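As stored in work01.cif (mmCIF, C-alpha atoms and all ligand atoms):
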data_model
loop_
_atom_site.label_atom_id
_atom_site.label_comp_id
_atom_site.auth_asym_id
_atom_site.auth_seq_id
_atom_site.Cartn_x
_atom_site.Cartn_y
_atom_site.Cartn_z
CA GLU P 6 24.10 6.73 -12.09
CA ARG P 7 20.62 7.67 -13.31
CA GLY P 8 19.90 4.11 -14.37
CA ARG P 9 20.85 2.98 -10.87
CA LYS P 10 18.75 5.81 -9.48
CA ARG P 11 15.63 4.65 -11.35
CA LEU P 12 16.22 1.11 -10.12
CA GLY P 13 16.60 2.51 -6.59
CA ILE P 14 13.24 4.28 -6.77
CA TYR P 15 11.53 1.07 -7.92
CA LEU P 16 13.12 -0.84 -5.05
CA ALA P 17 12.26 1.91 -2.56
CA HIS P 18 8.67 1.62 -3.74
CA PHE P 19 8.82 -2.20 -3.46
CA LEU P 20 10.11 -1.86 0.08
CA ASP P 21 7.09 0.39 0.72
CA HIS P 22 4.88 -2.49 -0.47
CA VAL P 23 6.63 -4.97 1.85
CA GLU P 24 6.39 -2.85 4.98
CA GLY P 25 2.93 -1.57 4.09
CA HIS P 26 1.63 -5.08 3.45
CA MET P 27 2.98 -6.24 6.81
CA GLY P 28 0.96 -3.39 8.33
CA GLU P 29 -2.09 -4.51 6.36
CA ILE P 30 -1.91 -8.03 7.79
CA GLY P 31 -1.57 -6.55 11.27
CA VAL P 32 -4.70 -4.45 10.76
CA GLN P 33 -6.88 -7.20 9.30
CA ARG P 34 -5.71 -10.11 11.39
CA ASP P 35 -7.98 -10.10 14.43
CA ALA P 36 -11.25 -10.26 12.49
CA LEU P 37 -10.06 -13.55 10.91
CA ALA P 38 -10.65 -15.75 14.02
CA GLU P 39 -7.65 -17.83 12.96
CA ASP P 40 -7.00 -21.33 14.22
CA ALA P 41 -3.44 -22.56 14.83
CA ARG P 42 -2.99 -23.53 11.16
CA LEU P 43 -3.99 -20.23 9.56
CA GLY P 44 -1.93 -18.48 12.24
CA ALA P 45 1.12 -20.58 11.42
CA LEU P 46 0.72 -19.69 7.73
CA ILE P 47 0.23 -15.98 8.43
CA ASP P 48 3.28 -15.96 10.68
CA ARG P 49 5.20 -17.85 8.00
CA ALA P 50 4.15 -15.40 5.29
CA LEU P 51 5.10 -12.54 7.62
CA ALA P 52 8.53 -13.95 8.40
CA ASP P 53 9.17 -14.32 4.65
CA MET P 54 8.20 -10.66 4.23
CA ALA P 55 10.76 -9.72 6.89
CA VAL P 56 13.51 -11.57 4.97
CA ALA P 57 12.55 -9.79 1.75
CA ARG P 58 12.48 -6.54 3.71
CA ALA P 59 16.02 -7.23 4.93
CA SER P 60 17.32 -7.96 1.42
CA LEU P 61 15.62 -4.84 0.04
CA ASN P 62 17.21 -2.76 2.81
CA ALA P 63 20.64 -4.18 1.93
CA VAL P 64 20.13 -3.14 -1.70
CA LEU P 65 18.90 0.30 -0.73
CA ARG P 66 21.89 0.56 1.66
CA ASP P 67 24.52 -0.13 -0.98
CA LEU P 68 23.05 2.11 -3.69
CA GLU W 3 -17.03 -7.87 11.36
CA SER W 4 -17.74 -11.60 11.44
CA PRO W 5 -14.77 -13.80 10.48
CA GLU W 6 -16.54 -14.66 7.21
CA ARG W 7 -16.46 -11.06 5.92
CA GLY W 8 -12.96 -10.49 7.31
CA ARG W 9 -11.44 -13.40 5.40
CA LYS W 10 -13.42 -12.35 2.32
CA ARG W 11 -12.07 -8.79 2.29
CA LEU W 12 -8.53 -9.97 3.08
CA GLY W 13 -8.76 -12.63 0.40
CA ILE W 14 -9.51 -9.80 -2.02
CA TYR W 15 -6.63 -7.59 -0.87
CA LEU W 16 -4.20 -10.52 -1.03
CA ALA W 17 -5.02 -11.41 -4.65
CA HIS W 18 -4.74 -7.80 -5.85
CA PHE W 19 -1.49 -7.42 -3.90
CA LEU W 20 0.07 -10.59 -5.29
CA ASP W 21 -0.91 -9.51 -8.80
CA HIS W 22 0.50 -6.04 -8.11
CA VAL W 23 3.92 -7.02 -6.77
CA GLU W 24 4.42 -9.61 -9.52
CA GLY W 25 4.29 -6.69 -11.92
CA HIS W 26 7.06 -4.92 -9.97
CA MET W 27 9.16 -8.09 -9.75
CA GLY W 28 9.09 -8.48 -13.50
CA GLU W 29 9.86 -4.78 -14.01
CA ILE W 30 12.74 -4.75 -11.57
CA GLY W 31 14.04 -8.01 -13.02
CA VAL W 32 14.29 -6.55 -16.51
CA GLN W 33 15.93 -3.33 -15.29
CA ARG W 34 18.33 -5.46 -13.24
CA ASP W 35 19.32 -7.35 -16.39
CA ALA W 36 20.55 -4.06 -17.90
CA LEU W 37 23.15 -3.79 -15.14
CA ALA W 38 26.83 -4.39 -15.77
CA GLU W 39 27.92 -8.03 -15.88
CA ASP W 40 28.38 -9.50 -12.38
CA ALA W 41 27.83 -6.06 -10.86
CA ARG W 42 27.54 -6.61 -7.11
CA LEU W 43 24.31 -4.58 -7.17
CA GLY W 44 22.83 -7.26 -9.41
CA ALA W 45 23.49 -10.02 -6.87
CA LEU W 46 21.88 -8.05 -4.06
CA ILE W 47 18.86 -7.48 -6.31
CA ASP W 48 18.50 -11.14 -7.33
CA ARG W 49 18.54 -12.14 -3.66
CA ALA W 50 15.78 -9.62 -2.92
CA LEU W 51 13.74 -10.89 -5.87
CA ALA W 52 14.27 -14.50 -4.82
CA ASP W 53 13.12 -13.70 -1.28
CA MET W 54 10.00 -12.14 -2.80
CA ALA W 55 9.28 -15.37 -4.66
CA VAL W 56 9.42 -17.14 -1.29
CA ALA W 57 7.01 -14.60 0.13
CA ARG W 58 4.70 -15.16 -2.84
CA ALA W 59 4.60 -18.90 -2.18
CA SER W 60 3.86 -18.37 1.52
CA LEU W 61 1.28 -15.62 0.96
CA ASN W 62 -0.47 -17.83 -1.59
CA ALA W 63 -0.79 -20.53 1.08
CA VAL W 64 -2.46 -17.97 3.37
CA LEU W 65 -4.82 -17.01 0.52
CA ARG W 66 -5.75 -20.65 -0.08
CA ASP W 67 -6.40 -21.29 3.61
CA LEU W 68 -9.00 -18.52 3.95
CA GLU Y 3 -16.45 -0.17 22.42
CA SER Y 4 -14.79 1.52 25.44
CA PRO Y 5 -13.40 4.97 24.54
CA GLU Y 6 -9.76 4.21 25.30
CA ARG Y 7 -9.90 1.08 23.14
CA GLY Y 8 -11.41 3.05 20.25
CA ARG Y 9 -8.69 5.70 20.40
CA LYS Y 10 -6.09 2.92 20.24
CA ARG Y 11 -7.95 1.39 17.28
CA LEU Y 12 -8.10 4.79 15.57
CA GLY Y 13 -4.38 5.26 16.16
CA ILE Y 14 -3.76 1.99 14.35
CA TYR Y 15 -6.03 2.96 11.46
CA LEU Y 16 -4.25 6.28 11.13
CA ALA Y 17 -0.70 4.96 11.21
CA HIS Y 18 -1.81 2.37 8.66
CA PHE Y 19 -3.40 4.81 6.26
CA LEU Y 20 -0.23 6.93 6.49
CA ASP Y 21 1.50 3.86 5.07
CA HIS Y 22 -1.10 3.94 2.27
CA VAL Y 23 -0.18 7.53 1.41
CA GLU Y 24 3.54 6.70 1.19
CA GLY Y 25 2.80 3.63 -0.92
CA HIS Y 26 0.46 5.53 -3.23
CA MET Y 27 2.65 8.62 -3.85
CA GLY Y 28 5.39 6.17 -4.72
CA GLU Y 29 2.98 4.25 -6.94
CA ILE Y 30 2.13 7.32 -8.99
CA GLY Y 31 5.78 8.30 -9.26
CA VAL Y 32 6.84 4.99 -10.76
CA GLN Y 33 3.90 4.22 -13.04
CA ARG Y 34 3.66 7.77 -14.34
CA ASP Y 35 6.60 7.76 -16.74
CA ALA Y 36 5.11 4.76 -18.57
CA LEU Y 37 1.93 6.78 -19.19
CA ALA Y 38 3.39 9.06 -21.86
CA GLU Y 39 1.09 11.65 -20.35
CA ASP Y 40 -0.50 14.42 -22.30
CA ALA Y 41 -0.54 17.72 -20.42
CA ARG Y 42 -4.20 17.30 -19.44
CA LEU Y 43 -3.70 13.90 -17.79
CA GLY Y 44 -0.45 15.27 -16.37
CA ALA Y 45 -2.38 18.10 -14.78
CA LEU Y 46 -4.95 15.82 -13.13
CA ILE Y 47 -2.18 13.62 -11.71
CA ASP Y 48 -0.34 16.57 -10.19
CA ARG Y 49 -3.71 17.69 -8.80
CA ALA Y 50 -4.43 14.31 -7.19
CA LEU Y 51 -0.93 14.21 -5.66
CA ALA Y 52 -1.32 17.71 -4.17
CA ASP Y 53 -4.73 16.67 -2.80
CA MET Y 54 -3.21 13.51 -1.30
CA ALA Y 55 -0.49 15.67 0.31
CA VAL Y 56 -3.13 17.85 1.97
CA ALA Y 57 -4.83 14.68 3.17
CA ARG Y 58 -1.64 13.31 4.72
CA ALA Y 59 -1.21 16.54 6.69
CA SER Y 60 -4.84 16.38 7.88
CA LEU Y 61 -4.35 12.77 8.92
CA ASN Y 62 -1.15 13.64 10.79
CA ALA Y 63 -3.05 16.39 12.61
CA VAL Y 64 -5.49 13.78 13.89
CA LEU Y 65 -2.68 11.48 14.91
CA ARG Y 66 -0.85 14.33 16.67
CA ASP Y 67 -3.93 15.07 18.73
CA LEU Y 68 -4.71 11.39 19.48
CA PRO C 5 3.13 2.67 -23.46
CA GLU C 6 -0.65 2.76 -23.70
CA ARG C 7 -0.62 -0.52 -21.78
CA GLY C 8 0.68 1.68 -18.95
CA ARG C 9 -2.75 3.25 -18.67
CA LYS C 10 -4.56 -0.08 -18.27
CA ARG C 11 -2.17 -1.03 -15.47
CA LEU C 12 -2.54 2.29 -13.66
CA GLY C 13 -6.32 2.13 -13.94
CA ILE C 14 -6.48 -1.33 -12.37
CA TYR C 15 -4.32 0.00 -9.54
CA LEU C 16 -6.45 3.09 -8.91
CA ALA C 17 -9.66 1.03 -9.08
CA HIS C 18 -8.41 -1.34 -6.37
CA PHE C 19 -6.85 1.49 -4.38
CA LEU C 20 -10.03 3.56 -4.17
CA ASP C 21 -12.10 0.56 -3.09
CA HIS C 22 -9.45 -0.19 -0.45
CA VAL C 23 -9.32 3.43 0.72
CA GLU C 24 -13.14 3.49 0.86
CA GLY C 25 -13.03 0.74 3.47
CA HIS C 26 -10.52 2.57 5.64
CA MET C 27 -12.52 5.81 5.58
CA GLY C 28 -15.56 3.86 6.78
CA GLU C 29 -13.55 2.40 9.68
CA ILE C 30 -12.27 5.85 10.66
CA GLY C 31 -15.81 7.21 10.32
CA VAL C 32 -16.97 4.52 12.75
CA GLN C 33 -14.34 5.52 15.30
CA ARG C 34 -15.14 9.22 14.91
CA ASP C 35 -18.72 8.40 15.82
CA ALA C 36 -17.86 6.31 18.89
CA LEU C 37 -15.39 9.04 19.91
CA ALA C 38 -18.03 11.76 19.46
CA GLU C 39 -17.72 12.99 23.07
CA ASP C 40 -14.32 14.55 22.20
CA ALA C 41 -15.46 17.43 20.01
CA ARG C 42 -12.00 18.72 19.08
CA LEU C 43 -10.78 15.32 17.86
CA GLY C 44 -14.02 14.76 16.00
CA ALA C 45 -13.46 18.05 14.17
CA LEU C 46 -9.92 17.05 13.22
CA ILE C 47 -11.28 13.76 11.90
CA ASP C 48 -13.97 15.55 9.88
CA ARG C 49 -11.41 17.75 8.13
CA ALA C 50 -9.23 14.71 7.37
CA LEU C 51 -12.14 12.68 6.00
CA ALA C 52 -13.19 15.64 3.89
CA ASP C 53 -9.64 16.07 2.58
CA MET C 54 -9.60 12.38 1.68
CA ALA C 55 -12.95 12.87 -0.05
CA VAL C 56 -11.31 15.54 -2.21
CA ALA C 57 -8.25 13.34 -2.81
CA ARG C 58 -10.50 10.42 -3.79
CA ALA C 59 -12.33 12.64 -6.30
CA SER C 60 -9.08 13.81 -7.93
CA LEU C 61 -7.84 10.23 -8.20
CA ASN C 62 -11.17 9.18 -9.65
CA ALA C 63 -10.71 12.02 -12.16
CA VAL C 64 -7.31 10.59 -13.13
CA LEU C 65 -8.96 7.17 -13.47
CA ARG C 66 -11.66 8.44 -15.83
CA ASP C 67 -9.06 10.29 -17.95
CA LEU C 68 -6.78 7.28 -18.40
CA CA P 101 9.44 5.03 0.88
CL CL P 102 -11.35 -21.69 11.26
CL CL P 103 -9.85 -23.89 9.43
CL CL P 104 -9.22 -27.52 8.21
NI NI P 105 -5.08 -1.04 4.08
NI NI P 106 3.29 -0.60 -6.54
#

Once you've parsed the file, please lay out its structure as C-alpha cells.
Amino acid sequence: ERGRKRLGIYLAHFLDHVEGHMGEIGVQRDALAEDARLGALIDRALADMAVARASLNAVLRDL
Amino acid sequence: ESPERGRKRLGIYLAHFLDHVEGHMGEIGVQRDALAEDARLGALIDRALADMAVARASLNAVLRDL
Amino acid sequence: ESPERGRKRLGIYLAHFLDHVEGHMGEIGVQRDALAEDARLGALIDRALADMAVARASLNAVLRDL
Amino acid sequence: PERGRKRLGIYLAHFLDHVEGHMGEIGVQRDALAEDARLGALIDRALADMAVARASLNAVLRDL
C-alpha cells in the first residue's frame, strides 16, 4: 500500500535518527569528562535508544 | 577540547535533536491514525512511539545534567 | 597525537559522517514533499543531493584507504 | 505547506553548523596524518567535495 509505504519511509528515516544519534553520543562522549552520574544517565539514554531501535526494526520488519 | 566546550556543543546538538525528532513523532503519529482500525501495524507503531517518549525523557535528563 | 591513534580517530569520524549522509538524504526525501516545490527550488535540491552523493563516495574512498 | 519551508530551513541551518564541526575535526586529522601523502590527498578531495555539497545546501537554504 502506498500509504503504508510513505509511513515506512518516515519510520526508516526515524530509525536512521536513532542509530545515527547513538553514533553521535559515541563520538562526543570522551570529551565530556563524565562522572559516574552523567555516565549512568548517558548509558540510560542509550539503552532507551536501543529499545526504540528494536521496536522500529520490528515495524520495518513487518511492513 | 576541554570538557566545558564538549558539554556545550553536545548540549546544543541534544536540544536540536530532541526538537527534531518530536516533529517526526507527531508526523508519524498522525499518519498512524489514518491506518485501519486495530491494524496490527498500528500497535507496532504505537509501541515504537512510546519507546521514543521514554528516550526523550532519558535524553532530557542527560541534557539537564550537562 | 600518535599516528596510529589519529588514524583510528579519523576512522571513527568517517564512519560517523557516513551516518550523517544517510540521515540527511533521508531528511530531504521526507521533508521535500511538504515543500510544494517550484521547479527552481526543486532543481537546487536535486543539485545538493547529487553533490552529497559525490561527497559520500569521496568519503568512502578515504575510509577504504584508511 | 509554506510552513514546510520554515521547518526545512531550521534543519539545514543546524545541519550545516553540525557538518562544519565535523569537517574541522577531519581537517585536524588530515594535518596530523600529513606524512601519508596519498591519504592526505584522498582527504583533500573529500573535504573539497563536502565544500561543494555545503554550498549547494546553503543555496537551497537561501531559496527556501
Ligand atoms: Ca536508512
Ligand atoms: Cl563533572
Ligand atoms: Cl557533576
Ligand atoms: Cl553534582
Ligand atoms: Ni555528528
Ligand atoms: Ni529527520

Please produce chain W as a PDB file with C-alpha atoms, in the coordinates of the input once it has been superposed on chain Y, the fit using all Cα atoms paired in sequence order.
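To be explicit, this is the file written out as out_37.pdb:
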ATOM      1  CA  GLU W   3     -15.713   0.918  24.221  1.00  0.00           C
ATOM      2  CA  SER W   4     -14.204   3.610  26.434  1.00  0.00           C
ATOM      3  CA  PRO W   5     -12.707   6.567  24.537  1.00  0.00           C
ATOM      4  CA  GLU W   6      -9.224   5.362  25.527  1.00  0.00           C
ATOM      5  CA  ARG W   7      -9.523   2.084  23.579  1.00  0.00           C
ATOM      6  CA  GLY W   8     -11.337   3.796  20.700  1.00  0.00           C
ATOM      7  CA  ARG W   9      -8.556   6.311  20.093  1.00  0.00           C
ATOM      8  CA  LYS W  10      -6.003   3.515  20.508  1.00  0.00           C
ATOM      9  CA  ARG W  11      -7.546   1.294  17.828  1.00  0.00           C
ATOM     10  CA  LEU W  12      -8.107   4.255  15.490  1.00  0.00           C
ATOM     11  CA  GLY W  13      -4.568   5.457  16.075  1.00  0.00           C
ATOM     12  CA  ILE W  14      -3.451   2.037  14.857  1.00  0.00           C
ATOM     13  CA  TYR W  15      -5.658   2.038  11.753  1.00  0.00           C
ATOM     14  CA  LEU W  16      -4.542   5.567  10.852  1.00  0.00           C
ATOM     15  CA  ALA W  17      -0.815   4.750  10.938  1.00  0.00           C
ATOM     16  CA  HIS W  18      -1.218   1.591   8.837  1.00  0.00           C
ATOM     17  CA  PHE W  19      -3.441   3.507   6.410  1.00  0.00           C
ATOM     18  CA  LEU W  20      -1.030   6.415   6.021  1.00  0.00           C
ATOM     19  CA  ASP W  21       1.810   3.957   5.442  1.00  0.00           C
ATOM     20  CA  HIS W  22      -0.357   2.063   2.947  1.00  0.00           C
ATOM     21  CA  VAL W  23      -1.488   4.975   0.780  1.00  0.00           C
ATOM     22  CA  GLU W  24       2.020   6.461   0.686  1.00  0.00           C
ATOM     23  CA  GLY W  25       3.026   3.282  -1.100  1.00  0.00           C
ATOM     24  CA  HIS W  26       0.281   3.835  -3.702  1.00  0.00           C
ATOM     25  CA  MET W  27       1.179   7.514  -4.112  1.00  0.00           C
ATOM     26  CA  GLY W  28       4.752   6.623  -4.921  1.00  0.00           C
ATOM     27  CA  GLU W  29       3.641   3.851  -7.292  1.00  0.00           C
ATOM     28  CA  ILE W  30       1.148   6.020  -9.117  1.00  0.00           C
ATOM     29  CA  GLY W  31       3.674   8.852  -9.259  1.00  0.00           C
ATOM     30  CA  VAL W  32       6.230   6.704 -11.056  1.00  0.00           C
ATOM     31  CA  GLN W  33       3.662   5.293 -13.497  1.00  0.00           C
ATOM     32  CA  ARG W  34       2.446   8.850 -14.102  1.00  0.00           C
ATOM     33  CA  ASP W  35       5.988   9.888 -15.025  1.00  0.00           C
ATOM     34  CA  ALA W  36       5.910   7.364 -17.895  1.00  0.00           C
ATOM     35  CA  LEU W  37       3.055   9.299 -19.492  1.00  0.00           C
ATOM     36  CA  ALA W  38       3.536  11.417 -22.588  1.00  0.00           C
ATOM     37  CA  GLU W  39       5.017  14.871 -22.019  1.00  0.00           C
ATOM     38  CA  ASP W  40       2.391  17.383 -20.828  1.00  0.00           C
ATOM     39  CA  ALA W  41      -0.339  14.800 -21.390  1.00  0.00           C
ATOM     40  CA  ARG W  42      -3.498  16.272 -19.872  1.00  0.00           C
ATOM     41  CA  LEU W  43      -3.975  13.005 -17.960  1.00  0.00           C
ATOM     42  CA  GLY W  44      -0.714  13.740 -16.167  1.00  0.00           C
ATOM     43  CA  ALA W  45      -1.960  17.096 -14.868  1.00  0.00           C
ATOM     44  CA  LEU W  46      -5.169  15.579 -13.537  1.00  0.00           C
ATOM     45  CA  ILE W  47      -3.080  12.914 -11.792  1.00  0.00           C
ATOM     46  CA  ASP W  48      -0.632  15.380 -10.214  1.00  0.00           C
ATOM     47  CA  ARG W  49      -3.565  17.356  -8.813  1.00  0.00           C
ATOM     48  CA  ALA W  50      -5.011  14.175  -7.294  1.00  0.00           C
ATOM     49  CA  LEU W  51      -1.627  13.268  -5.809  1.00  0.00           C
ATOM     50  CA  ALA W  52      -1.161  16.783  -4.449  1.00  0.00           C
ATOM     51  CA  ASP W  53      -4.600  16.670  -2.819  1.00  0.00           C
ATOM     52  CA  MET W  54      -3.568  13.381  -1.206  1.00  0.00           C
ATOM     53  CA  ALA W  55      -0.498  15.058   0.269  1.00  0.00           C
ATOM     54  CA  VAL W  56      -2.855  17.613   1.827  1.00  0.00           C
ATOM     55  CA  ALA W  57      -4.959  14.803   3.224  1.00  0.00           C
ATOM     56  CA  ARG W  58      -1.821  13.181   4.635  1.00  0.00           C
ATOM     57  CA  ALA W  59      -0.890  16.365   6.486  1.00  0.00           C
ATOM     58  CA  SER W  60      -4.402  16.724   7.921  1.00  0.00           C
ATOM     59  CA  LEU W  61      -4.776  13.041   8.830  1.00  0.00           C
ATOM     60  CA  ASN W  62      -1.400  13.164  10.572  1.00  0.00           C
ATOM     61  CA  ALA W  63      -2.700  16.025  12.727  1.00  0.00           C
ATOM     62  CA  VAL W  64      -5.670  13.838  13.717  1.00  0.00           C
ATOM     63  CA  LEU W  65      -3.255  10.998  14.561  1.00  0.00           C
ATOM     64  CA  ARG W  66      -1.144  13.296  16.739  1.00  0.00           C
ATOM     65  CA  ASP W  67      -4.179  14.644  18.588  1.00  0.00           C
ATOM     66  CA  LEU W  68      -5.378  11.215  19.754  1.00  0.00           C
TER      67      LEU W  68
END

What residues in chain C lie within 12 Å of chain P, counting all atoms listed in the file, written as a ChimeraX atom specification? /C:22,25-26,29

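With all atoms listed in the file counted, the chains near ligand NI 106 (chain P) contribute these residues within 9 Å: residues 15, 18, 19, 21 and 22 of chain P; 19, 22, 23, 25 and 26 of chain W; 25, 26, 28, 29, 30, 32 and 33 of chain Y; 15 of chain C.
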
Give one line per residue of chain P that approaches ligand CL 102 (chain P) to at most 8 Å, naming the two atoms of the closest pair and their distance in Å to one decimal, counting only C-alpha atoms and all ligand atoms; sort by chain then ascending residue number and deliver it as a tab-separated table.
residue	atom	partner	partner_atom	distance
P:38	CA	P:CL102	CL	6.6
P:39	CA	P:CL102	CL	5.6
P:40	CA	P:CL102	CL	5.3
P:43	CA	P:CL102	CL	7.7

Could you give me, as a PyMOL selection string, the residues within 12 Å of residue 47 of chain P, counting all atoms listed in the file and dropping anything in the same chain fewer than 3 positions from it? (chain P and resi 27+29-31+33-35+37+39-44+50-54) or (chain W and resi 12+16+57+59-68)

Exercise: residue 53 of chain Y partners within 6 Å, only C-alpha atoms, chain neighbours under 3 positions left out, as number ranges by chain: Y: 50, 56; C: 57

Around the point (6.4, 10.1, -15.8) (coordinates from the file), which residues reach within 12 Å if we count only C-alpha atoms? Answer as a list in words. residues 11 of chain P; 28, 29, 30, 31, 32, 33, 34, 35, 36, 37, 38, 39, 40, 41, 43, 44, 45, 47 and 48 of chain Y; 5, 8 and 9 of chain C

Using all atoms listed in the file: which of W:10, W:3, W:42, W:15 has the shortest distance to ligand NI 105 (chain P): W:15

Skipping near chain neighbours, those fewer than 6 positions away, what residues fall within 9 Å of residue 16 of chain C using only C-alpha atoms, listed as an MDAnalysis selection string? chainID C and resid 61:62 64:65
